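These notes concern the structure reproduced below.
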């Protein structure tokens, strides 16, 4: 699609067979999704969050659909207030900033 | 321009007659720029930062050039580690996310 920025650029994603709302964030290097049911192995990581650090599970090679576009990449799963799609996955769907 | 996201989307901005590097961030509502010389009146605000809150000066009706495109809007000036161009100014230069 072509998304203007008058409102937050929120889209529907599909991950672990579940639909969620997520923010397309060009200022984020990585993707962080709220706690959820996923199968498979993961590695513990900590990242910055509101209030301080948060504990996440790093899942590699996750299939995610972002506004109907399928992508493979790493997803950090933990207690974030906003689902964030960062550049690691925006690059996989060919997303560009245009002006 | 059309900016891909393999690297951070850093561009040159011009503000208060000074060139700076800034991150184009669709996940940011507002624009935050490092401490600098500016003329004019301002209002004190606090926002979230790395480590905790930070103190900023809110300047309204600031002219800023973003990769050669001129925009008018509000800028928060304070001790940020990264200059961030948020949606308040991305909308003014007609920026879209495209995929």
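Read the figures in this text as sums done on the coordinates, not as results from a lab. We place every Cβ from the backbone using ideal geometry, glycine too, and count neighbours over all the protein chains shown.
Figures for the structure shown
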| quantity | calculated |
| --- | --- |
| Filter result (assigned to a strand (DSSP E or B) and surrounded by fewer than 16 Cβ atoms within 10 Å (Cβ to Cβ)) within the stretch B:59-68 | B:60, B:61, B:63, B:65 |
| Selection within the stretch B:69-99 - assigned to a loop (DSSP other than H, G, I, E, B) and closer than 18 Å to residue B:4 by Cα | B:86, B:94, B:95, B:99 |
| Exclusive hit being touching a residue at least 12 places away in the same chain (Cβ under 8 Å) and closer than 18 Å to residue B:24 by Cα, set A:76, A:90 | A:90 |
